[PDB]
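Inspection log for the structure reproduced underneath, given as structure tokens.
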Amino acid sequence: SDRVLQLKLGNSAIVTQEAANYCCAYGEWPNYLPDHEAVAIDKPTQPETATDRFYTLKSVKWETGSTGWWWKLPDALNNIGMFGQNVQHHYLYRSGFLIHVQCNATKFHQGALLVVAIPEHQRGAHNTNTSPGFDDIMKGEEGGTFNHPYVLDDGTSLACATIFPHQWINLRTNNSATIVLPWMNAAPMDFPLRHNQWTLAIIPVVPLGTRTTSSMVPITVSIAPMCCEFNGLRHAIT
Amino acid sequence: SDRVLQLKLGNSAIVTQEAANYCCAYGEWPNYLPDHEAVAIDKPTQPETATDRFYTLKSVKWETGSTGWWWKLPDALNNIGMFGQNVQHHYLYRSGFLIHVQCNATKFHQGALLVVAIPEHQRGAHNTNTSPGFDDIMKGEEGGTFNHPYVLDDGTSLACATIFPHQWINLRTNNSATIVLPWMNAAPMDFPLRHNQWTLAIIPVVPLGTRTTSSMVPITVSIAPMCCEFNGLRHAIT
Amino acid sequence: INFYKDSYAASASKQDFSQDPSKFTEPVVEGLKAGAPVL
Amino acid sequence: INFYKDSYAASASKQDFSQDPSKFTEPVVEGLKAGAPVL
Amino acid sequence: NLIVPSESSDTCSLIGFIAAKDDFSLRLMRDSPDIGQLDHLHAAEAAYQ
Amino acid sequence: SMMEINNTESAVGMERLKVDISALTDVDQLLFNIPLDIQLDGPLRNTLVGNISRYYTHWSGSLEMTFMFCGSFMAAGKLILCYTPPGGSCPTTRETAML
Amino acid sequence: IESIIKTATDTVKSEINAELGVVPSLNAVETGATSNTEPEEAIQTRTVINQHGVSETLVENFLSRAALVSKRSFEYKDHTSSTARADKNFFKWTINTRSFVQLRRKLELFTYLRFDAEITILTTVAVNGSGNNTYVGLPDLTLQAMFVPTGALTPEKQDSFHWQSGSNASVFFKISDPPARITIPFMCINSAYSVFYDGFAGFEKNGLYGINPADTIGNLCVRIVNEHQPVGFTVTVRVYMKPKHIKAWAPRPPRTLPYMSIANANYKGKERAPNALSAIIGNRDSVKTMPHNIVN
Amino acid sequence: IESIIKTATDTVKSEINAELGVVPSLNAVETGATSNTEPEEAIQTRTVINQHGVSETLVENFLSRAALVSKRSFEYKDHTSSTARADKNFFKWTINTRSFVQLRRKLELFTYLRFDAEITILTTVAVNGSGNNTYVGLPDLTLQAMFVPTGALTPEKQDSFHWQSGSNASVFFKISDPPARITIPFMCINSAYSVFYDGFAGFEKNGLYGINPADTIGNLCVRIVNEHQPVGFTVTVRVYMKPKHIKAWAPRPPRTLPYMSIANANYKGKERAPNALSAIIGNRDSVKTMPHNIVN
């Protein structure tokens, strides 16, 4: 019942037979911007199925010495499909997300991944007074890896990261995690190329281990923008 | 009253103070595809203001020896803005058009342009049995020029071209022409990269003439897709 | 005591006892019934 | 709080929200209808 | 194009105006940077004589 | 109020308050551009809206730019005026600005 | 039309328009009217419920801020050997709002003004330099500020009998006290002050141009009540004025060139742009040059 | 579920449970939910009427405490021979809540904050050392604190005309007076301050990371109004900020490693535990070692 789940958005569908419920961030569901909160007066474009669909990123390899991975939204999707085109052709963007993380193994494997969505994950640099640069933050589709996951790369604690919307992938229990993110920002809309509302982090708290024959164990991320809308149409930046 | 006109679509607007009414092709107005005529079952994307807006093409120079110009739709717009992006990312396309042709001169100038929208303008080649090639037909944004406007480049007559939806730009009378085109096709939707529903032709029946100081007299074309919808989302072709 | 004309000049507001811890403790679509297995 | 006997001693009066911008924006005898040509 | 006859001027002028609509609003008053002084104005001292 | 679009050297006094347009022999040519900031020095600074707004720090709402053609009666022409929302470079070609 | 406006206006959603004979984007500047084109008629808009308040741009809030109008420093000492022009433990000031440019420009944004003036007097003291080469402390002096109407008899010395103030309003205040404050009513003989006056205030032809004494609030005579100490001090008195209960008429183009004198609107301009006589706005290379272009 | 909570919840007595198919002590952490096991289901409890209040942990009470945000010491003297970098009888401070770690950490417990800021300014003065080798007394100076919005023109000297403060809010206060106090409203252009900002505040790629100027309250320019005395003093100004009318969103893991800079969240950690990069909690000998074991 709570272990099987089908997600269908646009022309895309995902089925999992080993889910563990799914998390709605702060008990909220994505929605379009209402008139009593709107600021931009131009009529927005709402592509619906053209942009509200699952985009699958490149898989990463779960290794013994893996420290963790992160992707920043909407930066990771800003050059992908019709969502990327609408982002490039518009000054203002607004949407939620539906994140589905996939990682399967055998019943002889062990391991635990914390899959956490951090709002405004302002990263810090290690052992220097210089702030992180543009290239350190904006990794796009490929994402980045945690330098010090123990402190979430920002001087805080990984132990308290459960205060953020999150799930676990415990290999003996489940093979996927699902998180629904509403619009999370101080402003009703934002310039998608210079600010990231959310950061998806996957951290191997319990390392992958087995004594059976070793196989490549990938982790795959599928993200579906939800209730997309764009304002301020102009020429493409790209 | 009938000489002034404002057209407002999306974020674009055009004002003319020397119009001559405007033509609705076959007395029809563009509309979305109804359920009782639909064929493709996937939910279409309807970008609205992102694609239903005026795109201005490159102006052409009205010369004494000018034979005429033509643009094929949607080929002329297939690489322009969000309409071009949606065309490139979708297998099926459907829309009407709003065409506004602009040409101003002085009260000492004379000249008459026939502005005609030809459905299924299947071009012919001159003095050969070989059919016209791909490069002869698909000119894109720049369009083409009539080899023999007297026969509409297809063995027919220019004199009878008034059977098609059309207006005139008579320089002593008006400086603009406006034509509204509905979806015109045997099928409810079409592959935009291999078939052109309409061909806009501007033909100088009466050549430009004056005895005042000569100036460049351009002709400018602005085309606004209307009631755009797209089906069969996939990767971009381009 | 607030004789100022701007409402933001007023003293602190310490009377909002409303809570909703479930938005952090149980942010799941399917509520978990007490006693029954979660999965 | 104004215990003075002269009314001009009172604090500022910031409650007059009435406006008439047309006396500067449209000071013409014939009002201009929206959309229709002015001349 | 700009097209004029021989007897008309070949160069024509545009005047641009800007205004705010009635959805316009302002906050956080401050001293305008458009005016300033580095010394007392003339005859300001005479007010003390 | 009048914009000082012609805020250039060799434009003295009242000349800075008008923009001269002439006949061209190439199509789709750029005529002029106007920057955005009603805070910094520019064509919008010495206007009623600009002068009053510079007494404040935060602003919101729509603006309107009205252009009056002051050529002769026999002069004819068509222009295109474009507002480009921020994010990229100022358009230098008509095919980009018209988007 | 006159109406009560508390917030910025809302926006209504709009559709495609293709109507003959209707051109809302076209206007006629020649009539002198501002264009009435609405965003709904120019582009396709959405519905926006605008809650932005407009209270901070009220004329009252715009002008009812305490601004410095006078600053006078004088020596508090034995003035037996002081020159004639020196302020001998007292000074006189003809009240005017034209000496400090911020308040002056704000007031000159209007042609006519009617308001009461809240006056705040702030005093500071320092031990004199070039006298004794030592610091001993600062006295808590008592000062008297007397309002003398324009042209009337003003005291000629610190201990003049004119300070008895039988009818003139006088305020006595200490340096240790909070700054003194009094409200002067709208005292013009007319219904409003004339911020600008295109005329001569005399029946002959030698009168001052642009100076209407009916708009001069009055005279402030400020003295130190205490007799002089064996050592000298420097006393600085600052007078701040805040208009209130304000009515304003006929707004005017703002001042652009720097002020030259408090007695007229004479102009010279800066040496080069900005705010030069031949160029108010700073120059750019050409009308096609974007000064702060975003380049990535 | 949303509800009004004024006291800690009560306990109900519970009995023996031996029910098949009911395992309240078992949970599924993988779902991301916190365990819902109640004490009644884990052990046999009694009935307890809990009267413990929860008001002291209200976010308003948690944050609405005056905390030091700025401390600046400068010389009050004749600065003719003072260097360029010295504060010549005045200073400027870009307001920020990141210089003192207690308030900074408390604020950074949240992602978004909306509040008004009560600002209290406390001034102290001392007779200068290394100048005169004597004590004479402490003057009751008058100071001016002017609020200048972020990026706007700030005074360049103690007697600069910018201090006339035609429109900027200015407060004049004496050292002998109680500390000055003013409330600054919530002035963000957004509906809430961004305590953390994962982005760049410029349209080019050279902007500052994690610094949104829309969250900068403004600039405080503080000067001594009095002209300098023949002897020098050291004046220390402390600015305390207290949030009020607070709304908070998205709590965050608390800062563990020591702060490094006010401009970023850079971390180094202590040399060894506690609060080291490789070890936050202090070490014990083993997981079977009880650090403070009771031995009798």
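Read the figures in this text as sums done on the coordinates, not as results from a lab. Ideal geometry is used to build each Cβ from the backbone, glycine not excepted, and the neighbour counts take in all protein chains shown.
Selection over chain D of residues that are aliphatic (A, V, I, L, M), more than 7 Å from chain G (Cβ to nearest Cβ) and exposed (fewer than 13 other Cβ atoms within 10 Å of the Cβ) gives a count of 2. From the list B:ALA236, B:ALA187, the lone residue that is within 14 Å of another protein chain (Cβ to nearest Cβ), surrounded by fewer than 19 Cβ atoms within 10 Å (Cβ to Cβ), out of contact with any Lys or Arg (no Cβ under 7 Å at 6 or more places or on another chain) and hydrophobic (A, V, I, L, M, F, W, C) is B:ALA236.
If you go through the range G:14-65 and pick out every residue that is within 11 Å of chain D (Cβ to nearest Cβ) and either in a loop (DSSP other than H, G, I, E, B) or of a type in the set (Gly, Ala, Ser) (or both), you end up with 22. Being polar (S, T, N, Q) and exposed (fewer than 15 other Cβ atoms within 10 Å of the Cβ) is the filter here; which residues of the range G:42-51 pass it? Once the filter is applied, which keeps residues that are polar (S, T, N, Q) and exposed (fewer than 15 other Cβ atoms within 10 Å of the Cβ), the range G:42-51 yields only G:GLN51. Of the residues making up the range A:180-234, just one is free of Cβ contacts under 8 Å to residues at least 24 places away in the same chain and of a type in the set (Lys, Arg), namely A:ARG194. Among the criteria (1) touching a helix residue (DSSP H, G or I) at 6+ places or on another chain (Cβ under 8 Å); (2) surrounded by fewer than 21 Cβ atoms within 10 Å (Cβ to Cβ), the one B:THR145 does not fulfil is (1). H:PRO179 meets each of the listed conditions (1) within 23 Å of the chain's Cα centre (by Cα); (2) buried (at least 21 other Cβ atoms within 10 Å of the Cβ) apart from (2). The combined condition, being among the charged types (D, E, K, R) and over 34 Å from the mean Cα position of the chain (by Cα), is fulfilled by H:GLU38. Annotation note: Cβ proximity below 7 Å between a residue of the range G:284-296 that is facing chain F (nearest Cβ under 7 Å) and a residue that is part of a loop (DSSP other than H, G, I, E, B) and small (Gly, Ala, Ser) (sequence gap 6+ or interchain) occurs for G:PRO291/F:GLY42; G:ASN293/F:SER89; G:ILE294/F:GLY88; G:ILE294/F:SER89; G:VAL295/F:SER89.
Of the residues H:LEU143, H:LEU153, the single one that is surrounded by 20 or more Cβ atoms within 10 Å (Cβ to Cβ) and either aliphatic (A, V, I, L, M) or assigned to a loop (DSSP other than H, G, I, E, B) (or both) is H:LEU143.
Suppose we filter G:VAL69, G:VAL125, G:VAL54 for residues that are over 22 Å from G:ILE184 (Cβ atoms) and buried (at least 20 other Cβ atoms within 10 Å of the Cβ); which single one remains? Criteria check complete, one pass: G:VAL125.
Look at the range H:253-282: where a residue is at negative phi and a partner is among the acidic types (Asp, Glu), sitting 6+ places away or on another chain with Cβ atoms under 7 Å, you get H:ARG255/H:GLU108; H:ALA265/A:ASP154. Restricted to the range A:72-106, and to residues that are of a type in the set (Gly, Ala, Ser) and within 30 Å of A:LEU171 (Cα to Cα), which residue is surrounded by the fewest Cβ atoms within 10 Å (Cβ to Cβ)? Going through the qualifying residues, I end up with A:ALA105. Summed over the range B:50-99, the residues that are at positive phi and in a loop (DSSP other than H, G, I, E, B) give a count of 1. Would you call F:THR66 loosely packed, with under 15 Cβ neighbours inside 10 Å and either farther than 15 Å from B:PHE54 by Cα or without any contact (Cβ under 8 Å) to a residue 12 or more places away in the chain (or both)? No. Consider the range A:149-184 and keep the residues that are among the small types (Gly, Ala, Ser) and buried (at least 22 other Cβ atoms within 10 Å of the Cβ). The one that is nearest to H:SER35 (Cα to Cα) is A:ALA177.
This table checks each residue for (1) at the interface with chain F (Cβ under 7 Å from one of its Cβ atoms); (2) within 30 Å of B:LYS61 (Cβ to Cβ).
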position: E:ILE3; (1), (2): yes, yes
position: E:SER8; (1), (2): yes, yes
position: E:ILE15; (1), (2): yes, yes
position: E:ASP22; (1), (2): no, no
position: E:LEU26; (1), (2): yes, no
position: E:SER32; (1), (2): yes, no
position: E:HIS40; (1), (2): no, no
position: E:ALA44; (1), (2): no, no
position: E:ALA47; (1), (2): no, no
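Does the range H:88-105 contain any residue that is hydroxyl-bearing (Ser, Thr, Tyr) and in contact with a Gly (Cβ under 9 Å, 6 or more places away or on another chain)? For the range H:88-105, residues hydroxyl-bearing (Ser, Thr, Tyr) and in contact with a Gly (Cβ under 9 Å, 6 or more places away or on another chain): present.
Against the condition in contact with a helix residue (DSSP H, G or I) (Cβ under 8 Å, 6 or more places away or on another chain) and closer than 30 Å to A:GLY209 by Cα, how does A:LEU77 come out, does it pass? Give the derivation first.
Working: in contact with a helix residue (DSSP H, G or I) (Cβ under 8 Å, 6 or more places away or on another chain): yes; closer than 30 Å to A:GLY209 by Cα: no.
No: the conditions fail for A:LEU77.
Scanning the range A:148-167 for residues that are touching a helix residue (DSSP H, G or I) at 6+ places or on another chain (Cβ under 7 Å) and either polar (S, T, N, Q) or assigned to a loop (DSSP other than H, G, I, E, B) (or both) yields a total of 5. Kindly establish whether G:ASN168 is out of contact with any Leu (no Cβ under 7 Å at 6 or more places or on another chain), outside any strand (DSSP E or B) and away from chain H (no Cβ under 14 Å). The answer is yes for G:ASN168. Contact annotation: residue pairs with Cβ atoms under 8 Å, 6 or more positions apart or on different chains, pairing a residue in the range G:206-229 that is crowded, with 17+ Cβ neighbours inside 10 Å with a partner that is of a type in the set (D, E, K, R) and part of a loop (DSSP other than H, G, I, E, B), are G:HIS228/G:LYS77; G:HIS228/G:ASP78. Filtering the range B:44-66 to residues that are farther than 30 Å from B:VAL205 by Cβ, in contact (Cβ under 8 Å) with a residue 60 or more places away in the chain and of a type in the set (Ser, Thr, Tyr) leaves B:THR45, B:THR51. Listed by position, the strands (runs of 3 or more DSSP E) enclosed by the range F:14-99 that each have at least 1 residues that are closer than 30 Å to H:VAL148 by Cα and facing another protein chain (nearest Cβ under 7 Å) are F:58-60, F:63-69. Scan the range G:104-120 and give yes if some residue there is surrounded by fewer than 17 Cβ atoms within 10 Å (Cβ to Cβ) and more than 27 Å from the chain's Cα centre (by Cα), otherwise no. Looking through the range G:104-120, none of the residues is surrounded by fewer than 17 Cβ atoms within 10 Å (Cβ to Cβ) and more than 27 Å from the chain's Cα centre (by Cα). None of H:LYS77, H:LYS88 is away from chain C (no Cβ under 14 Å), out of contact with any helix residue (DSSP H, G or I) (no Cβ under 8 Å at 6 or more places or on another chain), among the basic types (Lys, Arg) and within 30 Å of H:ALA117 (Cα to Cα) except H:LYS88.
Looking at the range A:42-54, can you tell me whether even one residue there is touching a strand residue (DSSP E or B) at 6+ places or on another chain (Cβ under 6 Å) and away from chain B (no Cβ under 14 Å)? Among the residues of the range A:42-54, not one is touching a strand residue (DSSP E or B) at 6+ places or on another chain (Cβ under 6 Å) and away from chain B (no Cβ under 14 Å), which makes the answer no.
I need the full set of residues from the range A:129-146 which are in a loop (DSSP other than H, G, I, E, B), facing chain H (nearest Cβ under 10 Å) and in contact (Cβ under 8 Å) with a residue 40 or more places away in the chain, in order please.
A:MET138, the sole residue that qualifies.
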